Each structure stands twice: as C-alpha cells, then as structure tokens.
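J.: One structure coming up, written as structure tokens, with questions to follow.
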Ligand code: CLA
Ligand code: CLA
Ligand code: CLA
Ligand SMILES: CC1=C(C#C/C(C)=C/C=C/C(C)=C/C=C/C=C(C)/C=C/C=C(\C)C#CC2=C(C)C[C@@H](O)CC2(C)C)C(C)(C)C[C@H](O)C1
Ligand SMILES: CC1=C(C#C/C(C)=C/C=C/C(C)=C/C=C/C=C(C)/C=C/C=C(\C)C#CC2=C(C)C[C@@H](O)CC2(C)C)C(C)(C)C[C@H](O)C1
Ligand SMILES: CC1=C(C#C/C(C)=C/C=C/C(C)=C/C=C/C=C(C)/C=C/C=C(C)/C=C/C2=C(C)CCCC2(C)C)C(C)(C)C[C@H](O)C1
Ligand SMILES: CC1=C(C#C/C(C)=C/C=C/C(C)=C/C=C/C=C(C)/C=C/C=C(C)/C=C/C2=C(C)CCCC2(C)C)C(C)(C)C[C@H](O)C1
Ligand SMILES: CC1=CCCC(C)(C)[C@H]1/C=C/C(C)=C/C=C/C(C)=C/C=C/C=C(C)/C=C/C=C(C)/C=C/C1=C(C)CCCC1(C)C
C-alpha cells in the first residue's frame, strides 16, 4: 500500500523492474570487443572482472587511468537508462 | 494517474502534495524524526537531536582546523565544537525568550517551558555526542586518518 | 504478544505463525519493511541453493565425475569455479539456471499478487507430500535444512578460504 | 532583568557568595599546589608550533604562556562548562540562576540573617558575604604592597601552606 | 496606514476610484463641481500606497493625494 | 611589553564576549513586546 | 515524604517504591531527569546490565588469577587483568596477527546487545509490559522455587557490590600490576609491585608521578 | 453573509496560495456566479476553471481578490462578485462592494472621508505647525 503521493497509491514494481532491467541491460552488453578497455570481453563482463581485480587490491582504490571508472560509468549509465525506461513501460502500459 | 495533487486536498493553500513532500517514505521518515515523533517529551527530542548534531560537529573542526597538523588536533577540535555548541545553546535560549509567552502547557516544543526543556536536552545531548566522538577518535586509529591507516 | 524465539521481544506483526519455521524471529523488523512473501521466496531460494551447495561440497570432496580430474587437477571448491569458467561448464550452468529463473521471475510475479505460495513450484513428481500432515512436516524439514545448509555452506567455503583443504579433508586433517 | 533575579537581588548575592567561597578555596589550593611544586613543568613556556597563536603573550622573553597558567585556566574551564550546563539544564532540586518572571523573591537578610548553624541558607549567605569581603581584602592587600596573591595568602595564613 | 486626501479641485471623473486596486476610494455626492460628485477615502487602512489614483487624476496638480505613513501588513502588501 | 597578559586576556573578551552579549540583549530588547 | 536511606532529605519524586532495591537513594534526582514514563525503567535496565556485567567481570578477575585455560599463556604470556585486552588486541586484526578473541567476543555480544536494544526501545515506549532487566532467561525454574521473592534484591545488591569491586580491582591493577588474589594476599602492595605494561589510556596515569605521591 | 458551502473552482493547486498568516492573521474570500464553466487565470499563478453557478475562492490579500474581480469583470462580464474578510475567530466582514453599489457610482448615505475644503496649494508650511498638533491641511 505504498502511496507515491498524499492520496495516490502506486505500485513501484521494484522486483520486476530491477530484475528485468538488469537482465535486459547485462545480456546485450555481453557482446565482446577487442579494444583494450574491454580486454576481449563484453561491457558487463569487463566491468565484473574489473570489480574482481580492484577488490583483490582492497584499501587501494583504482587509479585514474584504470578502466574501472569508465566501465562503471558506462555500465551504470546504461543500467539507469534501462531501469527508467522499464519503469515507464511496465508501470504505465502494464501489457 | 497523477502524482501531484493539491496539499491537504486544499487547492488554494500555498503548497503542493508531491512524491518528495507527501509520499509514504517521506511521511514515515518525517513522522519518525525526533522533532516530530509522538510520545516524546521536548527534553528527549532535544537529547536525540543534540546527540546527533554534537556528535558530527567534532569532525570538521578536528580535520580542518588551524591545529589540525599538531598533536593536539583532536583536543582543539572538540573544544571548538564545544564552543559552537555553547553559542548555539545561547541562540536557542534567546529564541525561546523572545518567541514564547509563559503558559501552563509544557508538553509541546512550541511553548516556553517546552522550548526550555528542548534547549536543556540539546545542550546535554550535544556535549555527550561531542565527547563520544572525541573518545572514539582518540582511541581508534582508523578514525584519526579517515581510513588511511588501512593502506 | 511476545515472540517465541526471542522471549523479551514483541511478536512481529507480519509474522502470524502460518509459514513453516515461524518462531517469531525478526528482531530487526525486516518483515515490516519488505513484503513477507518476497522475503519467504528469497529465503527458500537461498536455502535450496545452499542445500545443493552443501551436498555438492561434500560429494565433490568424496568423488569426482569421469574426466574431471583431467581438467581441474587438484583444485577443490572455489578453485574449480575459475578453471571451469575457462572450460565452459559454469557458462552452461549460468545459461540454464538463468533460463529456469526467467519462469521463476514469472512465479515471483504470481506470488506477489497473492495467488501463489512462496517457493511453491508444484514440483512433486514422486508424491511424497500426499498427506497435508506429511506436507507440513516436509515443509518444516525443508526450511530447517535450508537454513542449516546456509550456515553449512558459509562454514565450508570460509574453512576452505582459511586452510585450502575442503570440508571432509579438514575434518580428517585438522 | 530584575524580575528574573539579576542585578542587586538576594539571588545574585547568594550566587556570587557561592562562587566567592569556591574562589577562596581555589586560591588557597593554587597557593598550596604552586608552593609545593605540584604543577608539572610550571615554568615551561608553551610553543606556538603546537598550541597555535592563542599561546602568544608578547612578553620580553619566550612570547608564550607558561604551562602553569594554561593548567590553571583549564581547571577553570572545567567548572565553566559545569556552570553553563547547570545554568541551562539545572538539577530538579537545585537553586536556579535565572528565575521565572512570576517568582517570589527571597527576603533580604539585612545586616545578618538569623543564626542558623549548619547546612542552612543563612550560614551560606553569611559565609558567602564573608568570602566576597575576603577576596576584596586579599586583592587590596596584594596591590597595595606588591606581594603576589598566593604569597599574600601564605603570609595571611602564617606560612602554613609553604 | 497611509493617508489619502481629496481636495476640492476634484471634478468627479471617477478615474481614481476605477484605478484603485484595493477599494480605498469611492464617489460621494457633492455640489462643488459640474459632475456633482467628489472622491472620498473611507478605507485607507487597505491603502497599499501604489499612487495609481494620483496617476489617474486629470486635474492640474492632483486632487487626490497619498501621503505614505505607518506601514502595516496590509499597507506593505504582505501575503505572509 | 609590560603586562603582556592583558592583550591575550582582553582581546578575546572584547571581540567575542562583548559583541555576543550585546547582540543577545539587543535582540531580546528589540523583539520583546 | 522523605527518603528512607537519608531520613532528612526529601524522597525523590520519580521513585514509587515499586522497584526492588529502592531505599530512597537518589540525591541528584537522576530519575527525574526525564519526564517520560519509561525513563526510570531504562535506568533500572542499565543498572541491571551494569551489575550483571560487573558480576561476570569480578568472578572472572578472580578466576583468571586461579587458573588459565590451556594454551593461553603460550599466546599472551603472564599479563593478568587489563593487559589481556591490550595484548590480544595487539595480536588481533587482519595483518596485525592471528588471534581474534576480543573481536569474536565483541561480535557475539553485539548481536545480543542489538537484540537487547530493540527490547529497551519497546519497553521505553510502552508497547511491552516487560520488567526492566527481564529477558525471560530462567531455564532452571528458580522463579517457581521457594525463596524466589527476594532473588531480585540479591541480584541488584550483588550487582552494585560487583560494580564497586571491579572498580577496585581494576584501579589496583593499574597501580600495582598484581591482579586480585595477589593484591589481597600481598597486603603491603606498595612494597612489591609487579612490572606491567601501560594501558591503552596511558595519559590517565600521567598525574600519578607529578601531581600525586607515586609511592610505587 | 458568506456561505462557506459554496463550491470552489477546480484548481490543481499551486505554491502561490495563502501562507500561515492567512490562518493566523486574516484571510480573504471572493464569491461570484458564472453562466458557464470557463478557464480564468488565478491571481496567484496558474489557470483554474470556474464552474457554472457560484464560486468561492480564498486568497491572502484584498488586492488579489480585487485583481481576480477585475479579471472576471473585464474578460467574462461577471459583476456580481463579493469580497469578504475572514478572521481566525470565524468573524466574516463583508468588504466589497461595501454598500452593494460599486464605489465608482454615487450612492446615497455615503459620507465623504478625507475631503479638504481648499486646493492642495493652500496647505500650511511645516514651520507653521512645528511643535503643535495642527494638521498641515489647516
Ligand atoms: C533501455 C531499454 C528499453 C527501451 C529502449 C524500451 C523501449 C520501449 N518500451 Mg520497454 N521495457 C524495458 C526496457 C526498454 N524499453 C524493460 C527493461 C521493461 C521491463 C520492466 C520494459 C517493459 C515494457 C512494457 C511493458 C512496454 C514497453 C513499451 C516500450 C515502447 C514504448 C514505451 C517507451 O518507453 O517508449 C520509449 C521510446 C523510445 C525508447 C524511443 C525514443 C528514442 C529516444 C532517443 C529515447 C531513447 C533513449 C536512449 C537512446 C535509450 C538508450 C538505451 C540504453 C540501454 C543504451 C518502447 C519501444 C510498451 C510498448 O508499447 O511496447 C510493446 C509496453 O507496453 N516496455
Ligand atoms: C576579535 C574577534 C575575534 C577573536 C578574538 C577570534 C579568535 C579566534 N579565531 Mg576568529 N573570527 C572572527 C573574530 C575573532 N576570532 C571573525 C569576525 C570571523 C569571521 C571572518 C572569524 C573567523 C574565524 C575562523 C573561520 C576560524 C577562527 C579561528 C579563531 C581562533 C584562532 C585559532 C586557534 O588557535 O583556535 C584554537 C581554538 C580553540 C582552542 C577553541 C576555542 C573555543 C572557545 C574558547 C569557546 C568560546 C565559546 C563562546 C565564545 C562562549 C560565549 C558565547 C556567548 C558570546 C553567547 C581564535 C580563537 C579558528 C579556530 O580555531 O576556531 C576555533 C577558525 O577556524 N576565526
Ligand atoms: C551503573 C550505574 C548505576 C545506575 C544506572 C543505577 C540506577 C539506579 N539506581 Mg543505583 N547504584 C549503583 C549503580 C547504578 N544504579 C551502585 C554501584 C550502587 C552502590 C553504591 C547503587 C546503589 C543504589 C541505591 C542504594 C539506590 C539506587 C537506586 C537507583 C535507581 C534510581 C535512579 C538513580 O539513583 O540512578 C542514578 C545513578 C546513576 C544514573 C548512575 C550514574 C551516576 C550519575 C549519572 C552521576 C551524575 C554525574 C555527575 C558528574 C555527578 C557526579 C558527582 C557528584 C556526586 C558531585 C536507578 C534504577 C535507588 C532505587 O532504585 O531504589 C529502589 C536506590 O535507593 N542505587
Ligand atoms: C522436491 C522433489 C525432490 C527433489 C529433491 C532435492 C534433490 C533434495 C536434496 C537435498 C539435499 C541437498 C539437502 C541438503 C542439506 C545440507 C545441509 C542440511 C547439511 C549441511 C551441512 C552443515 C551442517 C555443515 C558443515 C560442517 C562445517 C560447516 C564444515 C565441515 O568442515 C564440517 C561440517 C561438514 C560438519 C525429489 C527428487 C526427491 C522428488 C520429490 O517428489 C520432490
Ligand atoms: C539467571 C539464572 C541463573 C544464571 C546464573 C549465574 C550466571 C549467576 C552468575 C553470577 C556472578 C558470578 C555473581 C558475582 C558476584 C560478584 C560480587 C558479589 C563479588 C564482587 C567482588 C567483591 C566486591 C570484591 C573484590 C575485593 C577487592 C575489591 C579487591 C581484591 O583485592 C580483593 C577482593 C576480590 C575480595 C541460571 C543460569 C543458573 C539459570 C536460572 O534459571 C536463571
Ligand atoms: C550491444 C551493446 C550495447 C548496448 C545496448 C543497448 C542499447 C541495450 C538495450 C537494451 C534493451 C532494449 C532492453 C530491453 C529489455 C526489455 C525487457 C526485459 C522487457 C521485459 C518485459 C516484461 C517483463 C513484461 C511483462 C509482462 C507482464 C508481466 C504483464 C503484461 C504482459 C507482459 C508485457 C509480457 C552498447 C551500445 C552499450 C555497447 C556494448 O559494448 C554492447
Ligand atoms: C579493560 C580495559 C580498561 C578498563 C576498565 C575498567 C573496568 C575500569 C574501571 C571501571 C569502573 C566501573 C570503575 C568504577 C569505579 C567506582 C567507584 C570509584 C565507586 C565508588 C563508590 C562510592 C564512593 C560509594 C559510596 C557510597 C554510596 C554512594 C552510598 C552510601 C555508602 C557509600 C559507601 C558512602 C582500561 C581503561 C584499563 C583500558 C584497557 O585498554 C581496557
Ligand atoms: C551514510 C548515509 C548513506 C547515504 C544517505 C545518507 C542517509 C544521507 C547518509 C547519512 C549521512 C548521515 C545522516 C549519517 C547519520 C549520522 C549521525 C551524525 C550519527 C550520530 C550518532 C550519535 C551517537 C553515536 C552519539 C551517541 C551517544 C553516545 C552513545 C554517548 C555517551 C555519552 C552519554 C551522554 C552519557 C555519558 C557518557 C557519554 C560518552 C558522554
């Protein structure tokens, strides 16, 4: 019974929108590229590999020239765009 | 499906009911804050608010003050926080002196006795929170370096 | 009024005691924030995955399938994952579990409407739960073994992170 | 102002008497601790590189506050913080510094209140007026003779402290 | 409040009353001009002091005059 | 400087305590009915 | 209305005689410091927890003198009262060492203390009519026994006594370095002081030399 | 007499409406009758639709009410509007038109307030009336 306003009950559909937007953004971004930023992997997989690499170096943050920041920014930008569009499509149309 | 409605179902009041202003999350957070939470004396509202604000007041004075590169940086930062707390308590006192008439009602913040109780609670909470932050930063090297001790 | 698991705490409002394993254990009040059915479906999925992982850790200590020792060598548990990411077994597992979990997402949509019990996938080919009493006893056993398995998998993988042996080898070579 | 217990009131007389009794005690204890050398590194000059520009005094040698003076000031800072908290958040039983507008003023005790010995307000007021007069006399005897105030106390108590 | 005066040079053209945004002025009966009417200011507690009435007045130097005085909530035009 | 303690005593008082008490009491005076 | 412990002082207004161990002793009116109804309950709960912790301290301070668990002295040596906390923490931490004893204690006690925090919040607001300090922990059924109507009084009294006792023993270790039983048996304790490491708050022992006598 | 049960124009609300001083010091009300539902501009900003029949609306200032009255007079030919002042106690003070006749029309019974019986050039000098309670008009 989440009210989005004073008297406006609205279903946020956070599980569906989150899961569907995550899958619909991650799966197309599994397309590989041979550029050094990706390293032979897709955008999502290069991002996850960079997460593992930098978590193997805790305290020490990723450097400026490290591909982690660019991978994180592009991946989260596309994810946020997918989440916004998925929220619009599922909450509005619902069919 | 409209998300913005007139405030309190009154279209001529100077406010709008918005998701930032009137959602369930906003209403729960605002009604659960110590300044608005039901069942609290004004003194205990003051205690909670003072604990929070006085606790976080130590940090900027300790890390950025003129004595920040000295061995007495934390002591100076706590003393600066205490001086700011005393100044703000004087501000609270003069606000309550000029703002409220002497009434029997004392269970509300916006009464003279209620504001005096709130000021007393805010002073005691602010001193306690600042002292707690002083104790924790004095005894934990992680807080002294803001995490750089791990490197 | 008071909880059974924690006697000095008021009973959670969203916990009626109908779900299996309900002893009124919610001191942080997570069922007041999140939906109880979403949390139950999450608990059952985490617990079933943990049951499979615990039994798999023990059996992979006991024996390996033919030809596995050619590819993995002496690597055990977590050490297998990376190797079989390169060989391709983990990719196939990811693909087919993701395919099943698409229909699991549709099942989550069914249970969030109130039209499906959490964790119910109607999967009883052998008709073990033909008696509703045996069904209740099996639900309690499933949720208890799932939570115990979550604890077990935590212990096994962190013991492997410490010693590099594995569950049964640590039980032997302690 | 006057309706709150400030100015020439019996409330202000009582409060200044309490503070003056404590002040006589603090001066006697300062003379005792300084005479026996119980203040650590009392002649150490505090350095600006550690304590900042607030330690600067601009005397003829050292340009810094002595460690004993800083220690005495910090001892006063403790009871000043106690003072602020007691003035804003007093004990429920305690006499308050500022009084409510519709308060009943305590009657002036005249030349001398009734002779109630013990932990009575009359004994408190008598010893408070006596302590205020003693502070006046000690200050005047110090500035009309050049004897330091700790030394003036030590002679007036007959070198008992040191 | 502001003070509004009407002098006997008024010709009763009713322009100042029509220009008033706050309903301060009104026309009353008079015999001093050909129109048979003169402006009056019975409600100067609502006067904001905008001097639109003086702008509307056509007589060489004005018949209606506004003298700004003590400021109130109404005269300051405060909606708060 | 003779009586070198006097600047360090009086400058913080005159510059922080005097204006604070003046501003507080003037605030009370100008806002009271 | 005057206090029973202090017959000339007035009785504090917030004490009702309902709580066990009341003798009218609250001269600072701490129980009247908050007008809220649950506040006194909060106070009592704090007292109970203090006493219970102090009891577990005091017995521990004795028993750690009598015997030590196997392998402990091979890890930490001959430290006795508060240098155990310091020595373990010196050998605790990822990278700093291999022990985790005080951190494990902090973890499980913090789980218990969060679950206790929820109960204190519930009893403060009045959503629960549970007594302060009551966790329902009576597995051996002593409440259904005989003489159980005075057990709360013995609990609060031994709690306060253990509070004072552990304050005693800790401030004794900070000066002599002995520990409780050696301090009790070595009655002139300033003639033979065991050398001990400085605590993690060494500044607090600074005035002992200059300001204070420093007999030891 | 202000009927509090008169329906209001359909408005979606705005941040330009009345503040706490309306409920604490004084508030203003304007009523009018329209022959049809039609869109007008709010004096506080925004478009509202007045209903067919009677309309009651609340504002913070008298000038806002009279601006709305001028707008509905010159754009919709509505002249029956009435402006009231309402106090927190519930007292309603009828304001405009004060005697039922608009102030630009002469009505019997009106008495002249602030009328001076000479031209503006015949006022007294300030030095004439200094230290004296005489008015500058004479
Ligand atoms: C980023 C991914 C994405 C995109 C592009 C769309 C696009 C669309 N969805 Mg949709 N959807 C998505 C994710 C997305 N969806 C997800 C994750 C869910 C599940 C929660 C849904 C669920 C959903 C439903 C249930 C329905 C739709 C519908 C629609 C269509 C009209 C409504 C709309 O949003 O128009 C958006 C209009 C445009 C995108 C075209 C304008 C182009 C401009 C430049 C904006 C584009 C921004 C940017 C370039 C996008 C970059 C994407 C990023 C990942 C790189 C439109 C084709 C409805 C329909 O009719 O389709 C069947 C409908 O019924 N969607
Ligand atoms: C003539 C007035 C005057 C005086 C005497 C000072 C004095 C000082 N300022 Mg300064 N300041 C002033 C005007 C003044 N300021 C003005 C007008 C501005 C605005 C441009 C500033 C802006 C300013 C900044 C931004 C900073 C200072 C700082 C400092 C401190 C110097 C560094 C140090 O060692 O601090 C060491 C500090 C301490 C040991 C803490 C002292 C705490 C005091 C004693 C508590 C007093 C409480 C309060 C006044 C009680 C009365 C309340 C009542 C009036 C209602 C020093 C206390 C710096 C500082 O350290 O601030 C603390 C600093 O960061 N000042
Ligand atoms: C761990 C601290 C602690 C706490 C929280 C309490 C709490 C309580 N005690 Mg208690 N008590 C304690 C330790 C404590 N006790 C110990 C160690 C003893 C043995 C001496 C006693 C002996 C005792 C008696 C004999 C009685 C109580 C009573 C009470 C209750 C009334 C409120 C009160 O007096 O609390 C106030 C005390 C505290 C909150 C403890 C902290 C100390 C305060 C905050 C110090 C104030 C700060 C300030 C710096 C002042 C210090 C200097 C000053 C003395 C000059 C309350 C439930 C009464 C009761 O329940 O009657 C049935 C009662 O009659 N207590
Ligand atoms: C539903 C469906 C059915 C299906 C089914 C499925 C296949 C059911 C299969 C289920 C199995 C996987 C349940 C597994 C539980 C594992 C846990 C409880 C044991 C955890 C170990 C812990 C205690 C530990 C560990 C310990 C520590 C941590 C580390 C070690 O050093 C030591 C140690 C080992 C002691 C079937 C097919 C029958 C048909 C039916 O019609 C319907
Ligand atoms: C709840 C209940 C039960 C429970 C239980 C158990 C857990 C109860 C545990 C209780 C503890 C052990 C009681 C300890 C009291 C300690 C004080 C009285 C002595 C303090 C030290 C003195 C003052 C001293 C000191 C002294 C000075 C200062 C310095 C030294 O040189 C000398 C010396 C050492 C003499 C159970 C589980 C059975 C079940 C039941 O269903 C429910
Ligand atoms: C390739 C690539 C890139 C990329 C990229 C791009 C552009 C990504 C595009 C992603 C898109 C278009 C995702 C769409 C997802 C739609 C979903 C999951 C719909 C779900 C619908 C549902 C659940 C409806 C359910 C329903 C329900 C319950 C109720 C009614 C029925 C129904 C409607 C069926 C770059 C450019 C970043 C570069 C990178 O190197 C590689
Ligand atoms: C573990 C650890 C540490 C630690 C620590 C600890 C545990 C230190 C100390 C803890 C505590 C709780 C000290 C208590 C002192 C109590 C006093 C003085 C009570 C006086 C009571 C009186 C006078 C009663 C009077 C009385 C009253 C009220 C009622 C009437 C009767 C009468 C007798 C008159 C460190 C700091 C060393 C650091 C290290 O790295 C880690
Ligand atoms: C990070 C987070 C994520 C993003 C979003 C976000 C929400 C905006 C953000 C939050 C940012 C902010 C909002 C984080 C929230 C922050 C605030 C500042 C935390 C304040 C805590 C105060 C406590 C610790 C002091 C407690 C008192 C102690 C126990 C005292 C004992 C004392 C008492 C009096 C008795 C005497 C003893 C002593 C010791 C003197």
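Chains as they are written, first to last, in the authors' numbering: chain O, 29 to 123; chain L, 2 to 152; chain f, 37 to 210; chain h, 64 to 225; chain C, 2 to 81; chain I, 1 to 33; chain g, 37 to 252; chain D, 4 to 141.
Ideal Cβ placement from N, Cα and C applies to all residues, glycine included.
#1: May I ask whether a heavy atom of ligand 3 can be found less than 7 Å away from the beta carbon of residue 86(g)?
#2: Which residues does DSSP pair with residue 99(D) in a beta bridge?
#3: Tell me the DSSP bridge mates of residue 125(g)?
#4: Compare the C-beta of residue 141(D) with all C-beta atoms of chain C and state if any pair is closer than 8 Å.
#5: Would you say the beta carbon of residue 136(L) is closer than 7 Å to some non-hydrogen atom of ligand 8?
#6: Do the CB positions of residue 109(D) and residue 41(C) come within less than 8 Å of each other?
#7: In chain order, what are the residues with a CB under 6 Å from some non-hydrogen atom of ligand 4?
#8: What first and last residue would you give for the beta strand (DSSP E) that runs through residue 173(h)?
#9: Taking the alpha-carbon of residue 37(O) as reference, which of 41(L), 6(L) and 12(L) has the nearest alpha-carbon?
#10: Which whole-angstrom value is the C-beta distance of residue 101(h) and residue 247(g), which I expect to be below 8 Å?
#11: For a cutoff of 8 Å on Cβ pairs, would you count residue 161(g) as touching chain L?
#12: Return the residue from the list 150(L), 46(L), 138(L) and 130(L) that minimises the CA-CA distance to residue 53(L).
#13: Given a cut-off of 8 Å, decide if residue 87(D) and residue 98(D) are closer than it, judged by their beta-carbon atoms.
#14: Based on Cα-Cα distance, which residue from 68(f), 191(f) and 44(f) lies nearest to residue 154(g)?
#15: Short of 7 Å Cβ to Cβ, which residues in the region 47–80 of chain L face chain h?
#16: Based on the DSSP output, what are the partners of residue 126(L) in its beta bridges?
#17: Leaving out the 5 sequence neighbours to the left and right, which residues in its chain are closer than 8 Å to residue 97(O) when beta-carbon positions are compared?
#18: With which residues is residue 17(L) paired in a DSSP beta bridge?
#19: Measuring only the C-alpha atoms, how far is residue 48(O) from residue 168(f)?
#20: How big is the Cα-Cα spacing for residue 107(f) and residue 120(f)?
#21: At what residues does the beta strand (DSSP E) containing residue 41(C) begin and finish?
#22: From residue 57(D) to residue 81(D), what does the alpha carbon distance come to, in whole angstroms?
#23: Ligand 2 heavy atoms versus the CB of residue 64(f): any closer than 7 Å?
#24: Verify the contact flag: residue 138(f), CB atom, against every heavy atom of ligand 1, threshold strictly below 7 Å.
#25: Does residue 36(O) have its Cβ less than 8 Å from a Cβ in chain L?
#26: Please classify residue 100(D): is it buried, with 16 or more other beta-carbons within 10 angstroms of its beta-carbon, or exposed?
#27: If I follow the unbroken alpha helix (DSSP H) through residue 119(O), where does it start and stop?
#28: Using only the alpha-carbon positions, how far apart do residue 117(D) and residue 43(C) sit?
#29: For the candidate residues 26(D), 90(D) and 65(D), whose alpha-carbon lies nearest to that of residue 77(C)?
#30: Sort out for me which residues DSSP pairs residue 43(D) with in a bridge.
#31: Please name the residue, chosen from 120(h), 192(h) and 89(h), that lies closest to residue 9(I) on a Cα-to-Cα basis.
#32: Spatial neighbours of residue 33(C) within its chain, please: C-beta separation below 6 Å, excluding the five flanking residues on both sides.
#33: Should residue 141(h) be labelled buried (16 or more other beta-carbon atoms within 10 Å of its own) or exposed?
#34: Does ligand 2 have even one heavy atom less than 7 Å from the beta-carbon of residue 22(I)?
#35: Given the structure, does residue 56(O) come close to ligand 6, in the sense that its CB is under 7 Å from one of the ligand's heavy atoms?
#36: Residue 47(O) versus chain f: which residues are under 7 Å apart at the beta carbon?
T.: Quick look at the numbers:
#1: As a first step, residue 86(g) is located in the seventh chain; it is residue number 50 there, counting from the start. Checking the Cβ of residue 86(g) against ligand 3 gives yes.
#2: Within the eighth chain, the letter at position 96 stands for residue 99(D). Looking at the DSSP assignment, residue 99(D) forms a beta bridge with 86(D).
#3: Here residue 125(g) refers to the residue found at position 89 of the seventh chain. DSSP output for residue 125(g) lists no bridge partner at all.
#4: The sequence position of residue 141(D) within the eighth chain is 138, counting from 1. For residue 141(D), the answer is no, since every Cβ of chain C falls outside 8 Å of its Cβ.
#5: The count along the second chain starts at 1 and reaches residue 136(L) at position 135. Residue 136(L) Cβ: within cutoff of ligand 8.
#6: On the eighth chain, position 106 is the one that residue 109(D) refers to. On the fifth chain, position 40 is the one that residue 41(C) refers to. Against a cut-off of 8 Å, the Cβ pair of residue 41(C) and residue 109(D) comes out as no contact.
#7: 87(f), 88(f), 90(f), 91(f), 159(f), 160(f), 161(f), 162(f), 164(f), 181(f), 184(f), 185(f), 188(f), 191(f), 192(f), 195(f), 203(f), 206(f) and 207(f)
#8: Translated into the one-based positions of the fourth chain, residue 173(h) becomes position 110. It is not in any beta strand (DSSP E) - residue 173(h) carries neither H nor E in the DSSP assignment.
#9: Your numbering for residue 37(O) matches position 9 in the first chain. Cα-wise, what sits closest to residue 37(O) is 6(L).
#10: Along the fourth chain, read from residue 1 onward, the residue named residue 101(h) stands at position 38. Along the seventh chain, read from residue 1 onward, the residue named residue 247(g) stands at position 211. Contact flag correct, Cβ pair sits at about 6 Å.
#11: The count along the seventh chain starts at 1 and reaches residue 161(g) at position 125. Cβ-Cβ to chain L under 8 Å: yes for residue 161(g).
#12: Looking up residue 53(L) in the second chain gives position 52. It is 130(L).
#13: As a position in the eighth chain, residue 98(D) is number 95, starting the count at 1. As a position in the eighth chain, residue 87(D) is number 84, starting the count at 1. Cβ distance < 8 Å, so residue 98(D) and residue 87(D) count as in contact.
#14: Position 118 of the seventh chain holds residue 154(g). Considering only alpha carbons, the answer is 44(f).
#15: 67, 68, 71, 72 and 73
#16: Start at 1 with the first residue of the second chain, and residue 126(L) comes out as number 125. Answer is none; residue 126(L) lacks a bridge partner.
#17: Looking up residue 97(O) in the first chain gives position 69. Taken in chain order, the residues that qualify are 90.
#18: In the second chain, the residue the question calls residue 17(L) occupies position 16. In DSSP, residue 17(L) forms a bridge with 7(L).
#19: The residue labelled residue 48(O) in the question sits at position 20 within the first chain. The residue labelled residue 168(f) in the question sits at position 132 within the third chain. Whole-angstrom Cα-Cα distance: 36 Å.
#20: To locate residue 107(f), count along the third chain from 1; it is residue 71. To locate residue 120(f), count along the third chain from 1; it is residue 84. Their backbone Cα atoms lie some 8 Å apart in a straight line.
#21: Position 40 of the fifth chain, counting from 1, holds the residue named residue 41(C). Element bounds for residue 41(C): 38–41.
#22: Reading the eighth chain from its first residue, position 54 is the one you call residue 57(D). Reading the eighth chain from its first residue, position 78 is the one you call residue 81(D). Near 11 Å, if we compare the C-alpha coordinates of residue 81(D) and residue 57(D).
#23: Position 28 of the third chain, counted from the start, is the residue given in the question as residue 64(f). No.
#24: Translated into positions along the third chain, residue 138(f) becomes position 102. Not so, every heavy atom of ligand 1 lies at least 7 Å from the Cβ.
#25: Translated into positions along the first chain, residue 36(O) becomes position 8. Yes, because at least one Cβ of chain L sits closer than 8 Å to the Cβ of residue 36(O).
#26: As a first step, residue 100(D) is located in the eighth chain; it is residue number 97 there, counting from the start. Flag for residue 100(D) reads buried.
#27: The residue labelled residue 119(O) in the question sits at position 91 within the first chain. Segment: none, residue 119(O) is in no alpha helix (DSSP H) and carries neither H nor E.
#28: One-based indexing of the eighth chain puts residue 117(D) at position 114. One-based indexing of the fifth chain puts residue 43(C) at position 42. If I take the Cα positions, the gap works out to 7 Å.
#29: What you label residue 77(C) is simply residue 76 of the fifth chain in a count that begins at 1. Per the Cα distances, 65(D).
#30: As a first step, residue 43(D) must be located in the eighth chain, where it is residue number 40. Answer is 51(D).
#31: Within the sixth chain, the letter at position 9 stands for residue 9(I). Cα-wise, what sits closest to residue 9(I) is 120(h).
#32: Taking the fifth chain and counting its residues from 1, one reaches residue 33(C) at position 32. Only 9 meet the Cβ criterion.
#33: In the fourth chain, counting from the first residue as 1, residue 141(h) sits at position 78. Under this definition residue 141(h) is an exposed residue.
#34: As a first step, residue 22(I) must be located in the sixth chain, where it is residue number 22. The answer is no for residue 22(I).
#35: Start at 1 with the first residue of the first chain, and residue 56(O) comes out as number 28. True, at least one ligand heavy atom lies under 7 Å from that Cβ.
#36: Translated into positions along the first chain, residue 47(O) becomes position 19. The contacting residues are 141.
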